[PDB]
Amino acid sequence: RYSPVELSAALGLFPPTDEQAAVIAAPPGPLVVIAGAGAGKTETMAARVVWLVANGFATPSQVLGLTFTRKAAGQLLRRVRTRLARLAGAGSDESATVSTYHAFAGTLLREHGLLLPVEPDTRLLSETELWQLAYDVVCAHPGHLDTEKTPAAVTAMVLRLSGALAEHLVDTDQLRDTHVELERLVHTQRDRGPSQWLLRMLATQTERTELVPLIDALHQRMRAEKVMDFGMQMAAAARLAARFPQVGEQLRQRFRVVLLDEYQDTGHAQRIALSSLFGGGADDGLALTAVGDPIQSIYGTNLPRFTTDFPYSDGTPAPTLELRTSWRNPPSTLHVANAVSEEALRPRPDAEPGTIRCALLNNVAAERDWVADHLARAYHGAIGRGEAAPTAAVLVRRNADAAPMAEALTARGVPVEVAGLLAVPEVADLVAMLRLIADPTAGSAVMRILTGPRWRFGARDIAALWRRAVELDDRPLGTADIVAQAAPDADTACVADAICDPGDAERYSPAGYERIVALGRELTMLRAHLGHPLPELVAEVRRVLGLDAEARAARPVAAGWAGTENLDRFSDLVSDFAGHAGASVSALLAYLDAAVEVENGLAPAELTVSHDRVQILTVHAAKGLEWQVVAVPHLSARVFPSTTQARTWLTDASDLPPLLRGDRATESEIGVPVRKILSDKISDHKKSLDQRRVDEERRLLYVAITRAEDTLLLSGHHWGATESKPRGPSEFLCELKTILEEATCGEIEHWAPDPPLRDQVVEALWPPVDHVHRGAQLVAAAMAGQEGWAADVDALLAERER
Amino acid sequence: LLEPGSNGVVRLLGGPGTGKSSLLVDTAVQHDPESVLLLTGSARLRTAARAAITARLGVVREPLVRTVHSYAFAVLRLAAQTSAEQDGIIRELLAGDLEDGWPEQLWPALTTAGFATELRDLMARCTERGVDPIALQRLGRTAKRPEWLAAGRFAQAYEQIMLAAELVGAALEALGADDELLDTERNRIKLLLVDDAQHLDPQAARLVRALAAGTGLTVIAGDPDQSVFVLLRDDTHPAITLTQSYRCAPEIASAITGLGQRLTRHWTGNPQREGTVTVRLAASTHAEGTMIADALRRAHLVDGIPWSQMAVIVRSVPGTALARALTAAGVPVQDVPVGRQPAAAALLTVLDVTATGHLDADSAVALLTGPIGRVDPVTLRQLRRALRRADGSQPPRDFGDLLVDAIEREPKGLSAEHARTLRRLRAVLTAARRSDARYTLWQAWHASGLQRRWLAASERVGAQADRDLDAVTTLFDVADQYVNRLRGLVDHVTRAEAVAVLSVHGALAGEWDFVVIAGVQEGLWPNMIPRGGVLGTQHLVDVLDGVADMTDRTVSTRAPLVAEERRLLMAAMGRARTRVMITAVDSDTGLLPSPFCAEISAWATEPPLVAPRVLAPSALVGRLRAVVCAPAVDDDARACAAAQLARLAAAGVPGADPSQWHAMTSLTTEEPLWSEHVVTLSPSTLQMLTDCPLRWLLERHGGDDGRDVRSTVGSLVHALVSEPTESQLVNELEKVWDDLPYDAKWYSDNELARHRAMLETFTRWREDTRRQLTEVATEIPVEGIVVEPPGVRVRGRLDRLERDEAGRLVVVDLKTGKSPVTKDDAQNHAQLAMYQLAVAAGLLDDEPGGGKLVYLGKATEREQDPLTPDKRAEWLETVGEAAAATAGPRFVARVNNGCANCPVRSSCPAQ
DNA sequence: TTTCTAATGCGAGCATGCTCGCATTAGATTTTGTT
Ligand SMILES: Nc1ncnc2c1ncn2[C@@H]1O[C@H](COP(=O)(O)OP(=O)(O)NP(=O)(O)O)[C@@H](O)[C@H]1O
Ligand code: SF4
Ligand SMILES: [Mg+2]
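- This entry lists cryo-EM as its structure determination method and reports a resolution of 3.8 Å.

See below:
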């Protein structure tokens, strides 16, 4: 066997530091390794794996690596594979197995389901094949529902609540006695009887106990169809692992080292699914290392409880090893990434410090301009330097308020700003054409086609078209007359009638009548296709339109030949939804609209580019990416702390009470002593339940700060757009000002004193008015009179001749 | 060896591609016409073998060429001197076994099909490996695994109830029954061309030995290395070895044999057939598909090798993501019940309704959009209107009822073209009634002319006619089956040259010239999928099959064995006779190449490409015209691309010339609406025209999704309030409420209760505010010029007018909403300002008063201060400016608070 | 034509200081996951 340092130097890599020495030299046994942010994870992982496989404690086929997200799992798999392969050179057939948690739970079910009454061949639901079903069971439910809420807005509560029952393992049978304890107490200053506010809270509890039958109906409906969601899946795996020990015995026999990578972002459904299998009281020979960071928990407290949950099986807790030396700038790590101390890191590469700059402006436009100017001068200085390419990026809290940053940077920089699949103008036209084909009474589609680039129309032609469409109606008060109108049958005025029976050619412009005739011929061609299978009809529509060629005809010569990936992914989604319980050329559009409403379109192709682009991505996303200088623009009163969208367990009918939330991380509302006593006791519990929301923003802010690879330009605006009051700088900035001004390491800029704000509006005349024109003239001159294009063209024409 | 009058038994073997399959043909031809038996392995192989032998041979008699299962069936036939029904038996047996009180750990699992399928697999494997149920019970007693002995006793119970995969097991004892029946066939058949012995079952192996005790001659042929699917080709019997490929190239054979080194493993490719092996990669799941399409198209069109000589041998079609992307580039690809198929379903519904004798309305529409009489949506919208002119009704009649009555008797009001679209239905629904005494289905088929149309659609959509005819022929075959076995019928039926993508297992009979082994992914091709379950079938099958593992359940339920997985790829490459291509992907963001990609790269001839070239016109032109319109790169290739686009557009290929280019299309008019004038502005219209004139145009004209249900209930409440006593209104609302489309039955009642409360709030407010305001008129129209030189002449309808207590005129308007507007925006409300303007200019009958703007929901109100000439002039100026804005082209598109629900949002330029 | 929930500043109700309905206005937080 070999020691860590000797084993490392036998390979081609640097000697691991002392921090990366203890964990590698750690003996096989359940241990947790708190790895700091930037401290070099997913490399110590491979170091530990290669240490074990070299000293001979376990062969490669017995290693197992679990990681929360797919990309991180792929990274770990690649690193482990290359390390194991390289070790074969210096003193084979099998390889590691790496899986994201839910994939492991899926495999566990498919291998041991029948020990439970769980089908193995259960389809898994996206977030839009579910909603389109949980909105069916709520529609068909027979009863009263004394709720005073629109359907498709109690479906939201049913989904949210049933997405937490299957996370804290409650199974809806014990969530029926939760309101008697509080109602009896509230029913038994001024002697008015219980206050108006108090009854409101009780109403929510009664409403939740009224939803219970809806929650139970949905589960049986999914059992009948052999269909299961992510939450129900992981909960089933947890129940199986907890109940049956032979599965754990099997899995511990097969796997001798397990790599729980991202263990601070996993909830109570997996904390018990993964201790019961291996770590409960099992053999100490299994390695069981877990590298979490307890401060950066964006998604959503298992780390503080890992010890006494994965013990030595004699009743003794597990070790704990740390990782520091974050490979980060001193100024961010020192005095700044200590923004949240709340623990009751060091400058690693002894590299050159960096500037950190704050600013209080007097306008969102002003702060946007300031950040834009700083990033722009940093980018342009690279050009004079000889292409330094700082490739910065801005971290923004809200998903909105990042589009105008593209406006403020495209003047000088070149951003990417990493729109759903159904907002790309290559696909939206395809969806609109499908809609106009399938159902005529869609004005929001007839306009998208009549004013689209393929043939623009003028106001006069649209008005004449609608004139004919209303003249063709010819329909002549009473209540029965009103209700008879607006049935699924009754007819109205719709533009899609004029396009088919235009009438006299005099009313339309002489150029605009030919377009109407051509569109009519096109639509009458396509409307014969509705009998065809849906995945073929979609491609036929795409071929008839020019989308396939034009989506490429607008693309930099830099990118090779791409452009059609969005179309092809959409046609993939179509080819997946179809052949599935129904062709449904008109129930596809219901799927597409439901997808637009929930999950914000779909997942695009996510094209990657390698320029010196300034990314405009969101702070909540992109964890683990540490690239360059970053800036967080908005730190005002209500944007970053975001503490307004707080709905606690006593008002939102779709949140589990603390007394029942198997986490019990929050306070449980003792309420054992006894109305003014109680009325005060609730507000204290709410305030305590509010500080958790704040504690969930430090972690966002700490994650944002700890991405500062080069320098920071954090800032805070004032007098946000479209409001009346100043909305001064929030928390996270005043304290940030203080922590900056007591050191070497911040600079203060413009610090606008706190004071009628902007009312300027945005406009764009409709019918819009060059390289394309010059190229067209060039092509025309060519008609008048390398990459191998000549041979390709000759081959295509030889095909055409036939 | 292998000659007339030779020994009783001889062994034949050799590497893949050798002449073994066709070698055996010659010795059959030279040899009685009978006494020769050829056992191939599949009926698809039988076609080729019999075709070769017979075409190599007027009085020639077909040699008996069959399969092992078929031969066992024929043996049982002489001894006489399906999975669906199987699963039904097994599931009902388990349901019965659940009655009384298996190791009891899995009692809950018995009701499930998941256990039935695994039990089916266990029994099938046991039968294929030839182990009696009593023997398996003995195994379950010896090895302390209760589930095994339980399954053995279950198999014993199963075989009790009988006395398609047990034919060999039956025949094995069927031969031993007589012990003279053996001699009958041993003296009948002399040759016994049993072939492809690597694919034989251990039970079927025993039958071959039994038939080859000794007589005449027998031949066994097959490579004893690609056994993956366990043969025993080891004896002192005479052996013939073949070592010249005759199919694969020596470059290909090099790679295959190099693979086989780490596993007669030696053989060399045909020297004449020069070829190569190429290993490629891709940077995404789509790059692989498009580059496979690229390579296939180039091979077809530049290298001359056609379709039907190419293939994509992938791991196993779960796969499906490849046929699509491979067809999109224009590459033909080879390869849902009659109930689902629409053409069959339409005629099925015709038959159903004919048998029933009564046609519901909701089933007459469903065959206007079908293929029997086909109507598109904007012709249904002509039928609806035309029929509702036949009998004008104050509330229009339901379209289903109108259609069914029209079908059964034709109203001839409009009937211009719609005479035929109903005549087809007349003919079919009558000729179906004509017989009423099967044959009626054919009569219905003939009555409609769709047969002639479809058979005249042999052009271009022409594929759809072929599919539809396939479906209808299948339906006719089912009808014949039922006639030889009509309300009992409807529920009876309720229950070439092209690249051929196919899985590796089915791709063991390919003579292809160009194999593309897609999907050599790491988690796919070397499978890490656990083989275990609950019954331990995988761990039992190897203990049962020899001593592959002792009585330990340790190595079986881990993953498929690599040595058993590399043979697949080794045999897969062997199919390619000229060129191979192993394609894998590796992308940074979720995918890696297998441990086999690197090894194959050793013997291969030659930054994975991220956006590969394609050869298809809609791609090539979109590349060419993409460089000519470049800001500045490719200065002379720009001219080359211009010339190439000229050549392209000289013939066709839509998208080349700037006429077809989208960004070159020109607006039609660019001319004002009413350049001439007086323009009418209803009070609601002005409230959108002061915000977003583009919204005014594109929504008030044609862009509105159309008449939601919260809009007609509001107007219904308006109408109920209008007429001139709360107790009588509720019973007007109740009777009419039931014909309202709501999604949820429980929602209808809640909305009805809320709106009843809304009417009650209205009456409470009315009787409250009669103390100072008196109603001059209700639902009074407004019409008359107000400002004019362009004039506006507001026209509209007023909700309710009131005369103030001291010489004034207060105008109100009831809204049925929940969310009132602020008290400063309701001071500048465009609608109420317009009403006060109309009042001030007379035309109602006279001074400006307030505007109450009463909200019935929840009764809050937001008043407006009565006008003054100081303000009235400004409002007149605003109205004039709006009227001017209506005219000119290029309407402004301002953004405002309401810009979050306007139906025209997917087309405004401000977004 | 149309809206959830809540935080705000009154403003009478009664043991000057709260105190609690009552009416009026601002915003609609972000993605991670199967074959
Ligand atoms: N001596 C030969 N001369 C010319 N052509 C031959 C000769 N032997 C075989 N072939 C050709 O090779 C083709 C392939 O048939 P054959 O090789 O007999 O199948 P097979 O290789 O045995 N199947 P496999 O198990 O993959 O080896 C035949 O159709 C013949 O046309
Ligand atoms: S979204 Fe705004 S700018 Fe666009 S049409 Fe609607 S109101 Fe006008
Ligand atoms: Mg009204």
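The discussion continues.
### Regarding the sheet that holds strand β2 (residues 63-67) of chain A
For sheets, the rule is that strands pair by backbone hydrogen bonds, running either parallel or antiparallel.
Residues and elements named next belong to chain A.
Next up, step 1: Strand order in the open sheet made by the six strands is β3-β2-β6-β7-β1-β8, with parallel pairing throughout. Only two strands of the sheet have a single neighbouring strand rather than two, namely β3 (97-100) and β8 (320-323).
Next up, step 2: Bridge analysis of strand β6 (residues 257-260) against strand β7 (residues 289-290) gives two bridges, and the strand direction is parallel. When the sheet's bridge partners are listed, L260 is paired in β7 with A290.
Next up, step 3: In the packing of helix α3 (residues 44-55) onto the sheet, the strands contacted are β1 (31-35), β2, β6, β7 and β8, and the crossing angle to β6 comes to about 175 degrees.
Next up, step 4: With respect to the sheet, helix α4 (residues 70-89) is in contact with β2, β3 and β6, its orientation differing from that of β3 by roughly 170 degrees.

### Regarding the pattern of salt bridges
Next up, step 1: Applying the stated criterion across every chain, the model contains 71 salt bridges over all chains.
Next up, step 2: Between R328(A) and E626(A) there is a salt bridge, with the nearest N and O atoms lying 2.8 Å from each other.
Next up, step 3: Linking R577(B) and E511(B) is a salt bridge whose minimum nitrogen-to-oxygen distance equals 2.6 Å. A residue pair is termed long-range when its members are at least 10 positions apart, and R577(B) in the loop between α23 (563-573) and β11 (579-585) and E511(B) in the loop between β9 (500-503) and β10 (514-517) qualify at 66 residues.
Next up, step 4: With a relative accessible area of 14%, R577(B) lands in the buried category.
Next up, step 5: Here the salt bridges do not stand alone but share partners, grouping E787(A), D792(A), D294(B), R298(B), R613(B) and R623(B) into one network.

### Overview of the site of ligand 1
Residue and element names in this part refer to chain B.
Next up, step 1: Close to ligand 1 lie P16, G17, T18, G19, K20, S21, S22, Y246, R247 and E511, which account for all nearby residues.
Next up, step 2: Between an oxygen atom of ligand 1 and a main-chain N or O atom of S21, the distance comes to 2.7 Å.
Next up, step 3: One of the side-chain nitrogen or oxygen atoms of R247 is found 3.2 Å away from an oxygen atom of ligand 1.
Next up, step 4: Protein coverage of the free-state accessible area of ligand 1, which is 620 Å², stands at 55%.
Next up, step 5: Partitioning the shell around ligand 1 into residue classes produces two nonpolar, five polar and three charged.

### Topic: the site of ligand 2
Next up, step 1: In the vicinity of ligand 2, the contacting residues are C692(B), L694(B), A893(B), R894(B), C899(B), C902(B), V904(B) and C908(B).
Next up, step 2: Split by residue class, the shell around ligand 2 holds seven nonpolar, no polar and one charged.

### Looking at the interface of chain A and chain B
Next up, step 1: Taken residue by residue, the interface counts 133 residues in chain A and 139 residues in chain B.
Next up, step 2: For the side of chain A that touches chain B, the element with the most residues is helix α29 (residues 771-784) of chain A, which contributes 10 residues.
Next up, step 3: Residue classes in the side of chain A that touches chain B are distributed as 62 nonpolar, 34 polar and 37 charged.

### Quick notes on the side chain of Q270(A)
Residue and element names in this part refer to chain A.
Next up, step 1: Relative to the assigned elements, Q270 resides in helix α12 (residues 268-273).
Next up, step 2: Relative accessible area serves as the criterion here: at 6%, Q270 is assigned to the buried category.
Next up, step 3: Ignoring anything within four residues of it in the chain, the contact list for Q270 reads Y101, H102 and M234.

### Considerations on the protein's contact with DNA strand C
Next up, step 1: Of all residues adjacent to DNA strand C, which total 37 residues, the nearest are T100(A), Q645(A), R647(A), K815(B) and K818(B).
Next up, step 2: Sugar and phosphate atoms form 72% of the subset of DNA strand C atoms that lie within 4 Å of the protein.
Next up, step 3: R693(A) places a side-chain nitrogen or oxygen 2.7 Å from a base oxygen of DNA strand C.
Next up, step 4: Secondary-structure elements contributing two or more residues to the surface near DNA strand C are α5 (101-112) and α27 (676-705) of chain A together with α29 (709-722) of chain B.
Next up, step 5: Among the residues making up the surface near DNA strand C, the classes are represented as seven nonpolar, 16 polar and 14 charged.

### Let's talk about helix α10 (residues 202-211) of chain B
Residue pairs three or four apart in sequence face the same way in an α-helix, which turns once every 3.6 residues.
Next up, step 1: Taken together, the buried positions of α10(B) are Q203(B), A204(B), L207(B), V208(B) and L211(B). Relative to the axis of α10(B), the buried residues are bounded by an arc of 145 degrees and lie together on one face.

### Let's talk about the sheet that holds β9(B)
All names here are of chain B.
Next up, step 1: Here we have five strands laid out as an open sheet, ordered β7-β11-β10-β8-β9, and parallel in their pairing. In this open sheet, the two edge strands, each paired with only one partner strand, are β7 (276-282) and β9. Between one strand axis and the next, the sheet turns by 20 degrees as a mean value, whatever way the strands run.
Next up, step 2: Examined bridge by bridge, strand β8 (residues 310-314) and β10 share two bridges and lie parallel to one another. In the strand pairing of β10, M310 is matched with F514.
Next up, step 3: Sheet strands touched by helix α11 (residues 250-261): β7 and β11. Its angle to β7, the strand with the most contacts, is close to 65 degrees.

### What to know about the nonpolar core
Most often, soluble globular proteins have nonpolar side chains that are buried together.
Next up, step 1: Residues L450(A), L465(A), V541(A), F570(A), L592(A), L694(B) and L798(B) are the most contacted members of the largest nonpolar core, which totals 93 residues.
Next up, step 2: Apart from the residues within four sequence positions on either side, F570(A) is in contact with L421(A), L422(A), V427(A), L430(A), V431(A), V538(A) and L592(A).
Next up, step 3: Core analysis: the second largest hydrophobic core is formed by 50 residues, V32(A), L64(A), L108(A) and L116(A) among them.

Quick notes on the rules
Residues numbered from 1 in each chain as written, not as in the entry; some residues may be left out. Chains lettered and ligands numbered in written order. Heavy atoms only, no water. Residues with missing side-chain atoms left out of burial classes, pairs and counts. Pairing = 2+ DSSP bridges. Helix = DSSP H or I, 4+ residues; strand = E, 2+ residues; numbered from the N terminus. Contact = heavy atoms within 4.5 Å. Axes fitted to C-alpha atoms, helices over the stretch in contact; angles between N-to-C directions. Salt bridge = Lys/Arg side-chain N within 4 Å of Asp/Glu carboxyl O. Buried < 20%, exposed > 50% of the residue type's maximum accessible area, 1.4 Å probe, protein only. Near = heavy atom within 4 Å. Polar contact = N/O pair within 3.5 Å; in protein donor to acceptor, adjacent residues only side chain to side chain. Areas by Shrake-Rupley, 256 points an atom, 1.4 Å probe, with all protein chains shown as cover. Nonpolar A, V, L, I, M, F, W, Y, C, P; charged D, E, K, R; others polar. Arc of directions from axis to C-beta. Core = buried A, V, L, I, M, F, W, Y, C linked by side-chain atoms within 4.5 Å.

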